[PDB]
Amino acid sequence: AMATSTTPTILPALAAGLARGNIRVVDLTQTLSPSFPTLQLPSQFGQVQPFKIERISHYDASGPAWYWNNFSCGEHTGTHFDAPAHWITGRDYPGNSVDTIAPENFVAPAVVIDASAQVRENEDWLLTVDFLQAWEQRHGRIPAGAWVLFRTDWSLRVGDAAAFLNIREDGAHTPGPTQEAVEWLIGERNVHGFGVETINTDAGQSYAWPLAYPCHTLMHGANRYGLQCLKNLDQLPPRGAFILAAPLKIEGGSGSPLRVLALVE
């Protein structure tokens, strides 16, 4: 529902659409809580803090008319955003941290790739170029400047931290893209970024590939972005959704937790 000029303004129409219910708002964010799975690296590396929250007052002696908390966590805690500075191949880009990235990049279209049935039968399942090209045969070309949201239904494991991280003696076993798929998405489709439901955009076992963690290496290496621990991807269409993903303005931040929202029309 828009105006009657050849090239009108969109924001009035947008506001009215959201109010009417023509455009819905979907929450793709997990809840920040002390029970949320915390990533653990081998002991030789520095570790991220888990989410901790402590009450300051609760309408009581400490604060008779108000209630509020202090909290602590890591940049890469829960539903969060990966800036290019996070990886060594993206260290030297000008606007590569969450406080310097051009604000325009915090809003973008998205496509959703559903592989939940495949991951249900293989926790190490790999997203391939062949699979992506078959997707386009059904839903059309992946548009340049769009998020690629990898739906795996992995978010349903959030109640079980052991199941969510899914770690064995040889590391984490989680699904992810092949190097060729990452190269194709960047070079042939010029995507905005890569979004997952897991605690890693890369496949867990890709630490041992010739080029370790290809998604982190190549996406950040090409000044692109990442999203992690997304949920409710099953409520999104294959294409047409619009993502609101603005990270905290942390000085020199390599990433931050954020409230990821999807607009659906």
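Quick note: we count residues from 1 along the sequence shown, nothing fancier.
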Please work out which of 83-91 and 137-145 has the higher mean CA B-factor as recorded in the PDB entry.
137-145
Would you tell me which stretch averages the higher CA B-factor in the PDB entry, 60-68 or 197-205?
60-68
Third assignment of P247 from its chain's C-alpha B-factors
lowest
So where's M2 on the chain's Cα temperature factor ranking, which third?
highest
With respect to C-alpha B-factor, does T178 fall in the lowest, middle or highest third of the chain as deposited?
middle
Ranked by Cα temperature factor within the chain, is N96 in the lowest third, the middle third or the highest third?
middle
Lowest, middle or highest third: where is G171 by Cα B-factor in its chain?
highest
